[PDB]
Amino acid sequence: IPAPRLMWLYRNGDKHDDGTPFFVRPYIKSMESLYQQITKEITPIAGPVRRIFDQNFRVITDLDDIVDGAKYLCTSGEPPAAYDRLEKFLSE
């Protein structure tokens with residue numbers, strides 16, 4: 001049983017978002033449960049979170065795929081924002 005993994009959450013389309021740290025507690029078992037807790041934290045101006053992308057724009061489909069310390073782009077069902085809005089999300 002791992003310790004709670006850390007996600008650096010980025011608000012889709014908010015080019016000034018410097019990232020919001022979020023700890024995935026071990027009880028979270030479904031994606032919708034995770035989306036709900038993430039929505040509470042970052043409150044996207046486009047509605048509750050429905051999609052989370054890693055920095056290679058792969059959609060997260062299961063909790064086991066989350067990487068401690070990785071950065072994630074959260075959308076409300078829209079595609080990722082234009083590239084020039086993604087500089088902070090995409091920086092190493």
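Residues of region 73-92 that are part of a loop (DSSP other than H, G, I, E, B) and exposed (fewer than 14 other Cβ atoms within 10 Å of the Cβ): 77, 78, 79, 82, 91, 92. If only residues of region 19-72 that are assigned to a strand (DSSP E or B) and of a type in the set (D, E, K, R) are counted, the one that is nearest to residue 90 (Cα to Cα) is 71. Listed by first and then second residue, the pairs linking a residue in region 32-55 that is surrounded by fewer than 19 Cβ atoms within 10 Å (Cβ to Cβ) to a residue that is assigned to a helix (DSSP H, G or I) and polar (S, T, N, Q), with Cβ atoms under 6 Å apart and 6 or more places separating them unless they lie on different chains, are 48/39.
Each value in this text was obtained by applying a stated rule to the coordinates, not by laboratory testing. Every residue, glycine among them, receives a Cβ derived from its backbone with ideal geometry; neighbour counts consider all protein chains shown.
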